[PDB]
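Input: a single structure, listed below in structure tokens.
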Protein chains: 2
Amino acid sequence: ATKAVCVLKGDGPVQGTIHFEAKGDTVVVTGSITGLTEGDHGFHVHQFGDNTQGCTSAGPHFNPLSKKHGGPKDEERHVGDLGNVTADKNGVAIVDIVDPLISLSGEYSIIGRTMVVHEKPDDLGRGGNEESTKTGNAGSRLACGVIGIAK
Amino acid sequence: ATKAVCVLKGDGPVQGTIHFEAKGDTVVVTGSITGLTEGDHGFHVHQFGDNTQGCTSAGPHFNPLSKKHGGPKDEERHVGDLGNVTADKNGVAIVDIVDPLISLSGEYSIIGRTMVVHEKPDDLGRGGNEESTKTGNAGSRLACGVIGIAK
Ligand SMILES: [Cu+2]
Ligand SMILES: [Cu+2]
Ligand SMILES: [Zn+2]
Ligand SMILES: [Zn+2]
């Protein structure tokens, strides 16, 4: 698949549509998320595309290389570590990310997994407590969706 | 994945959780769908895992082999043709299907695609008309969800 899409939904007002496209040798992520509080929000690909218990059942960050949590520019990061999206004061975050670890086919494929947007900023694994090394202290999951194959 | 899961949601009262498990060259489908009217309801895998327009953006029945619609037991069927699920008086349908055509891996995997439960029963390409060898006259799409990777 060269194109994928994710519709983010939750218990509150946060919603959004994320698009993925395999271009050249990388994946371009675009779209927008609305209803967010102004500022940064963690944005990650979680391991399972399981919504049976809301965003909880999506599990931890997609991490096939068994690394610790980090920022998207770090060597030591989870494949699902796409850092932070930034919402303006209208609560809108425009997503524009190009990432070297995720893919839409094979070992690193995020098709069938879950995209999650968090309540708080991702400290990019530099917070200094154990939690930083797992989730960047990004907190609860405001909205999520299973990543599907798009036309 | 040897396991997948799909959570069906719609605008109406229909909801459900569907489980998939690879066994041999088959996929065992289980779970249940509630909020249905008593009787049969078509149950198909649609091509795209795109919920940007509700269940409509899911596209046609997953048909990578370019065949006409049919029932699961038919040699002439779409890969996505999983027949009907039967709902009882209480509006609950327990799903139990073992299928040899759908797969959770490879070129024609259903992970990242959409499960759809229909309004009317599926005539299995035997109703006579033209909407019978395309959709089996199953009607509107009540609930759907993108098929994701499960633990
Ligand atoms: Cu996350
Ligand atoms: Cu259908
Ligand atoms: Zn992480
Ligand atoms: Zn069909």
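Swiss-Prot numbering applies to chain A: residues 2-152, in that order.
Going by what the header records, the deposited coordinates were determined by X-ray crystallography, 1.9 Å.
Each Cβ is built from the backbone N, Cα and C atoms, and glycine gets one as well.
Annotation source Swiss-Prot lists N-acetylalanine at A:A2. In the three-state DSSP reading, A:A2 (N-acetylalanine) counts as coil.
Cβ neighbour count for A:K4 (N6-succinyllysine) (all protein chains, 10 Å cutoff from its Cβ): 16. Per Swiss-Prot, the feature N6-succinyllysine maps to A:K4 (among others); the stated evidence is similarity to another entry.
Per Swiss-Prot, S-palmitoyl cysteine is recorded for A:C7, and the stated evidence type is similarity to another entry. Classification of A:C7 (S-palmitoyl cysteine) by DSSP places it within a strand. The 10 Å shell around the Cβ of A:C7 (S-palmitoyl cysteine) contains 29 further Cβ atoms across the protein chains shown.
Under the heading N6-succinyllysine, Swiss-Prot lists A:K10 (among others), citing similarity to another entry as support.
Long-range neighbours of A:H47 (Cu cation binding site) (same chain, six or more residues apart, CB within less than 8 Å of its CB): A:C56, A:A59, A:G60, A:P61, A:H62, A:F63, A:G81, A:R114, A:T115, A:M116, A:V117, A:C145. Classification of A:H47 (Cu cation binding site) by DSSP places it within a strand. Under the heading Cu cation binding site, Swiss-Prot lists A:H45, A:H47, A:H62, A:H119.
Every protein chain considered, the tally of other Cβ atoms within 10 Å of the Cβ of A:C56 (disulfide bond) stands at 23. Under DSSP, A:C56 (disulfide bond) is assigned to a strand (E or B) in the three-state scheme. The feature disulfide bond is assigned by Swiss-Prot to A:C56-A:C145.
Among the features that Swiss-Prot reports, Zn(2+) binding site is placed at A:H62, A:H70, A:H79, A:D82, with the record citing experimental evidence.
According to DSSP, A:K90 (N6-succinyllysine) is assigned to coil rather than to any helix or strand. Feature annotation from Swiss-Prot assigns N6-succinyllysine to A:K90 (among others); the stated evidence is similarity to another entry.
Under the heading phosphoserine, Swiss-Prot lists A:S104 (among others), citing similarity to another entry as support. According to its DSSP assignment, A:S104 (phosphoserine) is in a strand. Residue environment of A:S104 (phosphoserine) contains 19 other Cβ atoms, counted within 10 Å of its Cβ in all protein chains.
Per Swiss-Prot, the feature phosphoserine maps to A:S106 (among others). Sequence-distant neighbours of A:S106 (phosphoserine) (same chain, 6+ residues apart, CB-CB distance under 8 A): A:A2, A:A23, A:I112.
Listed in sequence order, A:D41, A:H42, A:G43, A:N138, A:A139, A:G140 are the same-chain residues at least 6 apart in sequence whose CB falls under 8 Å from the CB of A:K121 (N6-succinyllysine). Under DSSP, A:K121 (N6-succinyllysine) is assigned to coil, being neither helix nor strand in the three-state scheme. The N6-succinyllysine annotation in Swiss-Prot covers A:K121 (among others) and rests on similarity to another entry.
The feature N6-acetyllysine is assigned by Swiss-Prot to A:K121 (among others).
DSSP assigns A:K135 (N6-acetyllysine) to a helix. Sequence-distant neighbours of A:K135 (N6-acetyllysine) (same chain, six or more apart, CB under 8 Å from its CB) are A:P61, A:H62, A:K69, A:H70, listed in sequence order. Annotation source Swiss-Prot lists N6-acetyllysine at A:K135 (among others).
Per Swiss-Prot, the feature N6-succinyllysine maps to A:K135 (among others).
Of the recorded residues, A:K90 (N6-succinyllysine) and A:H119 (Cu cation binding site) place their C-alpha atoms 17 Å from one another.
Considering only the binding-site residues A:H45, A:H79, A:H119, the residue whose Cα is spatially closest to the Cα of A:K10 (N6-succinyllysine) is A:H119. Taking the mean position of the Cβ atoms of A:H45, A:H47, A:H62, A:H119 as the Cu cation site, the remaining residues of that chain whose Cβ falls within 8 Å of it are A:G43, A:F44, A:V46, A:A59, A:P61, A:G81, A:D82, A:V117, A:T136, A:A139, A:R142.
Counting every protein chain shown, the number of other Cβ atoms lying within 10 Å of the Cβ of A:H119 (Cu cation binding site) is 26. For the recorded positions A:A2, A:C145, counting C-beta atoms within 10 A of each C-beta gives the highest total at A:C145.
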